[PDB]
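What follows is one structure encoded as structure tokens, with my remarks underneath.
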Protein chains: 4
Amino acid sequence: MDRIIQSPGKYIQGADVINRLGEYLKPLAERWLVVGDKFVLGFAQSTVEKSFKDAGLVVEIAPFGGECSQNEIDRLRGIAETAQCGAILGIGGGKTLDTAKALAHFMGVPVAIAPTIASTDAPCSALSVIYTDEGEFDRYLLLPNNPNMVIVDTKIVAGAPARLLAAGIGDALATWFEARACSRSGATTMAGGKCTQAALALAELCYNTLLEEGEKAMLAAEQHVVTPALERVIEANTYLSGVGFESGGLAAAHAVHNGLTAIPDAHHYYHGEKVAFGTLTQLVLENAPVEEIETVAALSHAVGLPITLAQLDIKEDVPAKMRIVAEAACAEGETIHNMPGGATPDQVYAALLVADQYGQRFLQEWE
Amino acid sequence: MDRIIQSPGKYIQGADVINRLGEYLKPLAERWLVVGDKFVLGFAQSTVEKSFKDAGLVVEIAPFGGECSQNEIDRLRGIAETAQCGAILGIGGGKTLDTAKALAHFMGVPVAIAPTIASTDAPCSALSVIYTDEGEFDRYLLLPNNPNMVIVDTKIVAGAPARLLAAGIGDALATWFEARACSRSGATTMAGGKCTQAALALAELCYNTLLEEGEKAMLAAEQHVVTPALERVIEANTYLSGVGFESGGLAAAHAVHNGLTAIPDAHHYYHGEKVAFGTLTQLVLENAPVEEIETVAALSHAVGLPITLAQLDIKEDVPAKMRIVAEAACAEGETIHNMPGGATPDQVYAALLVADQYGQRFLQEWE
Amino acid sequence: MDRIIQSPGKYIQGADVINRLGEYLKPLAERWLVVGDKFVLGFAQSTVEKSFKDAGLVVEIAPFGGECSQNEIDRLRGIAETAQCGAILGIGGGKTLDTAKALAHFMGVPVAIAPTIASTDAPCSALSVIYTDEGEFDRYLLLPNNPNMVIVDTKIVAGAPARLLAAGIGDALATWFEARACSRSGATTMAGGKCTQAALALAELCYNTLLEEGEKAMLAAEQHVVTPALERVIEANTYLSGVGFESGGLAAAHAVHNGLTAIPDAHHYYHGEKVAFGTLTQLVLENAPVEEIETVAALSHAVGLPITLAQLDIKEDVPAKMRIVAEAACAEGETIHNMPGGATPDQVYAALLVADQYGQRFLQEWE
Amino acid sequence: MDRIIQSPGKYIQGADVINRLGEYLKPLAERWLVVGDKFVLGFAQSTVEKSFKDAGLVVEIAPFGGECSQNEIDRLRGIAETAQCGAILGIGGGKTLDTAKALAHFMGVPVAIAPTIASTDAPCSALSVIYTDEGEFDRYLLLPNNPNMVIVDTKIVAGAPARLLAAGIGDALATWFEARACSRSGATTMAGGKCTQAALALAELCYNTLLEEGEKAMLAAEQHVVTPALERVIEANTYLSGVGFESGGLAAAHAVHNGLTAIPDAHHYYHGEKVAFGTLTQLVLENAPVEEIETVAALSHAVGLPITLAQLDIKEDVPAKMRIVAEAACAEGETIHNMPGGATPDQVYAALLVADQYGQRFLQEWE
Ligand SMILES: NC(=O)c1ccc[n+]([C@@H]2O[C@H](COP(=O)([O-])OP(=O)(O)OC[C@H]3O[C@@H](n4cnc5c(N)ncnc54)[C@H](O)[C@@H]3O)[C@@H](O)[C@H]2O)c1
Ligand SMILES: NC(=O)c1ccc[n+]([C@@H]2O[C@H](COP(=O)([O-])OP(=O)(O)OC[C@H]3O[C@@H](n4cnc5c(N)ncnc54)[C@H](O)[C@@H]3O)[C@@H](O)[C@H]2O)c1
Ligand SMILES: NC(=O)c1ccc[n+]([C@@H]2O[C@H](COP(=O)([O-])OP(=O)(O)OC[C@H]3O[C@@H](n4cnc5c(N)ncnc54)[C@H](O)[C@@H]3O)[C@@H](O)[C@H]2O)c1
Ligand SMILES: NC(=O)c1ccc[n+]([C@@H]2O[C@H](COP(=O)([O-])OP(=O)(O)OC[C@H]3O[C@@H](n4cnc5c(N)ncnc54)[C@H](O)[C@@H]3O)[C@@H](O)[C@H]2O)c1
Ligand SMILES: [Zn+2]
Ligand SMILES: [Zn+2]
Ligand SMILES: [Zn+2]
Ligand SMILES: [Zn+2]
């Protein structure tokens, strides 16, 4: 069938690009509603206002309630209609960004996306994940296009807690493995077609970038400063991983992430931290070579991601919980079925326990 | 400076995808002006009308005058307002697509483009070239965004003259060398910033695809059939080179192309045919290793592109003509200035004569 | 523009060459003033006198006051005019040698240079660095030629404190990295032109020599004896590094050295010890691969050079001091601007902190 | 023994650098004798006079007799004292440069040389060959130093006959093999000591430059234009081979050259043309591996150098002539004695016949 690749229309990254926001956004619309993470507005709200004002734009700022829920979106629709804005800007982490995309779609207007962390591969995709106000999965909202514009201030990312950069590394490290599995199996992507070569190349670049640059990038995030390694890892966590997962494919790592959220123990760990264990689980399923397993385990360990179930607070009733994870992972319409030859609940259960054992031996040997 | 990559929002490629234009375009608008010339509407019109009709869309077919000019745009816009079209589809070669992009810009509506050939890398880009009704360059029209949707029917492309596929290879083969040069010089790209890693990776993938698949694809093109090699070369010629040139950078090869168009002798050659000589010229300028120049000359020769001035019909008064080419290639604003260290007219002159001598020696040996 | 390489007219190294000084110097002049480091004159003054006397030359010996200042040079001019000498010999470390060059230039006579340590790349260059008597930077004196003759007694070098050989390793280890950056950026060299191939080759040889021979050479310097590894490292620290920096180029490592001298904490560390940290800082800026960073950090550590700010006594108020270092490093006319794409004060600050972190982890891991 | 490298003080190369002779030479002297023959002053004189005039210098043009002989030197010195010149500029080919170096020596003043061809490696060296007014070898004049300044206008060199560039390649291609042999035998170099690492690295760079760039440069030479390949070959032919031979060492190839000049048949060939056969002779003597001899024969053949005795017009009485060559090459004082293990007349005789047979087989295969 057809080969399809999707992208945001334009992706921009640079130090202090928050000062140029207005100038980049001006071609899209004159009037703007900003949906902003509260923490971020706390240090940056004047800077944002000045950026728009200097470009001759009209802007109103709405603080974000914190969850991408139907209620929050509806609240923001009300504010948007009153403002009669021609476009939405999301500025924050993934929850803020998914909310802005959904809002913009319901208002039928352009959306710009300004990640203030590089924590997940949400920013670039044509998808918003909707939750209940209690923080539970509600539904996927499939958008007819990717954001018009994605603008990443690398200095703001560098000032955020380093754990959130690690989390994004854990999210993005899965990308190549999942897109390759889908290539091998011939699976349809979220873009609705088979893999392009472009998408697999970006997915592989993502993996190699993290291997070469991940540890260097963490030194910079820990000191809250911008270096070339950090710029490269931000691009990987954001553009490469975004295009790679959506237009290259999802498989076991994401299915296992979803499984793990059915366990209360891990629910407050970051998306990428759960994806990280999902990647190790996937390498058991696809029987990756010893040196590949070790390379991934070593990078994950070096940036502080979990490589064991105990690092996700899964310490008691492990067999029973892994049954739950395995069943959820193989539910109808999960992406585990994109693996070459598929995966049964028993195969995933087996992979979970064995990945945990590999993690546990890796750690012991590290003293 | 910021690092920027731009892309069409969605790129789709597949055999007989023209049957699916409706389902794919539906999410963007209900009412469409379809702009195509007589020849294309000749084979395509009834298929388009049925695909749109079955998706529940409205179409207004507007035969195209053949030239991308302000008058032609105004006329078509005339027709589009009357019909109350929400979106433009261009279907055909580069002049038709250029026109649909410009029209859609002036009317503030989305654009889809459906190339029926793969002969240049211009289609996916955020640029429209405006011409006189007589066919002379008027001005470049910079667009605020790349086409919303690009849809390539590989079966229609396979039916086009094989010469046009080779010409496309000639245009796309420059991509890597020009992006690499701009990366070495730190030049600004047409997307408005410095190179992303993503853009450089797609430019290099373009090059490697053409090396690996070029000759195989030309066998398919000459038999007018679709193979995976042809599919890959079409992607390289269209998506990879489009992103590579616009977000990776242009340099000497394109500037030499422009110089060659000041020479009446070379008027009957396609864009990519002149660019193919420009690439060899560039490799002399940057003093590429013998093995690289030989690889490029061999691929160019194997798919029928020119590697000498005589194969562009430049046979008489060659010194005098190359002074003209060199002076034009080095005109203020030209992309030759993106080469590391720049290039003077004298340097470009020298490279033109030596690239020609190199091509001549290469042809002599080949027999 | 023009490609230029500069050299001393003749470079000589050998064990006990101090005995052949007179014979080597005789073609330049009959009457000589020797400007001599006091420590050196303390053990070698009779040997020097005998060398000249045996060759039939006339010599007068002036002990060097210790700083290359305008006053010291003026004092020595007075002595030289009275002596009516036809040439100057400098014998000592870098401060003695720069003084002799400056003196010889002001008297308009030939200069010979006899390093008694291999501590910096001063000896061979067409430059004298002038200081205040208080030991502060005054001005660069650009000489119209390099020394006529450079004569290195490898046994005298071997008898000096081993720390001063390490210091020279730290000075010379920067050479390849800086000349390569300048090659990449197209920067002008101190010789006034673009890089020759000759200069880059000598710069690269310098780096590879230190990697292969640095540790072996330190064993010999510690035992105060001459081996082939020591002879090779002396040549690297003196001729290779001299030609390499002047005719290949300076970039971030030297700019960072200059920054660090604005900090009182490090002021009494040797030139090369500060350059060593500057090299690690540069490898952050140019995003060197992990294995290159590690190779350089390991060699620097093995010969006793600093790889952390604490090893230069920068232990308190580090952020504030690194702002100072970064601003000085990027001052107008510094060589940091020779890096590909340049470097802002923020980029250099970032590189300083991250290089320090890499150093600190390297040391921790070394237990 | 001491390790010594000698070099010209400053080497400058660039297109149209003749326009900058004044600014570059100013630092050495105010008043100049410019020595050039009719032909060179023919194209160069007005340019030189304007460059000097604009720098504020005085010039006295002294047309050169064509032969480097004691009479010619005395005459010119005559003119130089009258004019009260502080420095000599030689401009032209090797006989003019030789003369300027010798003159400047006898008058005790600095010398600048501006080669208008790149056909031998003699220009940069500290040696002048003196001849009879009739053109016969009189004596070698050893100079205490290399030229103060060497200035090569690559655009003038590109205008010279292509044959002279190839001849230069022939002269420079020996450099690495002769320096390597002297390094293996421990022979003393013309600079008066054992090999430095620097000199061996420049000799090997010369070889690799010619391999990589030789054929490319010959295309530029034949079109009479400047490319980077030509620039690199000019540097190899002039600076790298000059330092390589004088500070690296001469061996069999030069001795064979000398032997070949005792044979009237080879009189119409350039120095580098005879040396090219001498190199192949040397590779037989040292029993170089088949792949090395083939590489050298192929490069020599590709740029038009002789690889057989017939291509030096030695066609009759070849055994008898090769006895003469072998005896002369092995004369007391000749450099063949620097080969590891030495060489007897019989060994050299054998190598000459076998090198010829090798060349003949190589030409037969090539068609
Ligand atoms: N749509 C997709 O394709 C896709 C893909 C992956 C993940 N997601 C979604 O992404 C969400 C997770 O995003 P997230 O982990 O970024 O959560 P988030 O948006 O809640 O951000 C995490 C935390 O980071 C803080 N933060 C943000 N910027 C900061 C800054 N500059 N300095 C300091 N703190 C800062 C926020 O205040 C917040 O507390 C989930 O809802 C998940 O479903 C969507
Ligand atoms: N200087 C220039 O103007 C220049 C230079 C180089 C390339 N080009 C490009 O080349 C084009 C020139 O050709 P054109 O304008 O006449 O375009 P065109 O559309 O007429 O090109 C040939 C056509 O034949 C069609 N075709 C033939 N048999 C077919 C079959 N069996 N099934 C399906 N399709 C079939 C192809 O699909 C294609 O549309 C330009 O539009 C431009 O894109 C232009
Ligand atoms: N001109 C240039 O291109 C260039 C390049 C680099 C550095 N420099 C200059 O070099 C200077 C630093 O030179 P340095 O570090 O050699 O300083 P230095 O000349 O003061 O020598 C350092 C110490 O070594 C001692 N010493 C010298 N020879 C000895 C021996 N044989 N045995 C024992 N002790 C011996 C001296 O007495 C002195 O105390 C600075 O002024 C710097 O600006 C110039
Ligand atoms: N046995 C020998 O004497 C021997 C052997 C081998 C090589 N050589 C070398 O070759 C030389 C022989 O040639 P020559 O002495 O007649 O030297 P020459 O200077 O006349 O050589 C040719 C000249 O043509 C000039 N030229 C021609 N067209 C030009 C243009 N358009 N622009 C600029 N310059 C242009 C070149 O610059 C060059 O100076 C010797 O001087 C020596 O260096 C000598
Ligand atoms: Zn994810
Ligand atoms: Zn093009
Ligand atoms: Zn230094
Ligand atoms: Zn020679």
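Lettering and numbering for the structure tokens are positional, with chains as A, B, ... in the shown order, residues counted from 1 in each chain, and ligands counted from 1 in the shown order.
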
Please extract the residues at most 6 Å from ligand 1, counting only C-alpha atoms and all ligand atoms, and provide them as a list in words, using the chain letters and residue numbers of this document.
residues 37, 39, 40, 92, 93, 94, 95, 96, 98, 116, 117, 119, 120, 121, 122, 125, 127, 128, 129, 156, 157, 160, 270 and 271 of chain A

List as an MDAnalysis selection string the protein and nucleic acid residues lying within 10 Å of ligand 6, with only C-alpha atoms and all ligand atoms counted.
chainID B and resid 119:122 167:168 170:175 241:242 245 250 253:255 257:258 270:276

Would you output that residue set with C-alpha atoms, as a CSV table (one decimal), in the first residue's frame?
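Result went into selection.csv, see below:
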chain,number,residue,atom,x,y,z
B,119,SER,CA,12.1,15.5,-12.7
B,120,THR,CA,12.9,18.3,-10.2
B,121,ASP,CA,13.1,18.8,-6.4
B,122,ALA,CA,11.1,22.0,-6.5
B,167,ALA,CA,16.7,14.5,-15.2
B,168,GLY,CA,15.3,14.1,-11.7
B,170,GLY,CA,20.5,14.8,-12.0
B,171,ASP,CA,18.7,17.4,-9.9
B,172,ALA,CA,18.6,15.2,-6.8
B,173,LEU,CA,22.3,14.1,-7.0
B,174,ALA,CA,23.5,17.6,-6.3
B,175,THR,CA,21.5,17.7,-3.0
B,241,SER,CA,16.0,16.3,-2.4
B,242,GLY,CA,13.2,18.8,-1.7
B,245,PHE,CA,18.0,21.6,-0.8
B,250,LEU,CA,22.2,25.3,-2.2
B,253,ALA,CA,25.9,23.2,-8.6
B,254,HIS,CA,22.7,25.3,-8.6
B,255,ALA,CA,24.7,28.5,-9.4
B,257,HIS,CA,22.9,25.6,-13.5
B,258,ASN,CA,21.9,29.2,-13.5
B,270,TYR,CA,16.2,20.0,-18.6
B,271,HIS,CA,17.0,21.6,-15.2
B,272,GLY,CA,18.5,18.4,-13.8
B,273,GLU,CA,20.5,17.8,-16.9
B,274,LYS,CA,22.3,21.2,-16.4
B,275,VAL,CA,22.6,20.6,-12.7
B,276,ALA,CA,24.3,17.3,-13.4

Using only C-alpha atoms, which of the listed residues (D:166, D:197, D:188, D:259) sits closest to residue 220 (chain D)?
D:166

Region 164-282 of chain A: residues DSSP assigns to helix (DSSP H, G or I), reported as a VMD selection string
chain A and resid 164 to 185 197 to 223 228 to 248 252 to 261 264 to 266 271 to 282

For a quick test of understanding: name the residues of chain D lying within 9 Å of chain B when counting only C-alpha atoms, and present them as a PyMOL selection string.
chain D and resi 212-213+216+219-220+223-229

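Here the question is which of A:267, A:180, A:50, A:232 gets nearest to residue 19 (chain A) using only C-alpha atoms, and that residue is A:50.
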
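Here CA of residue 31 (chain A) and CA of residue 150 (chain A) stand 17.9 Å from one another.
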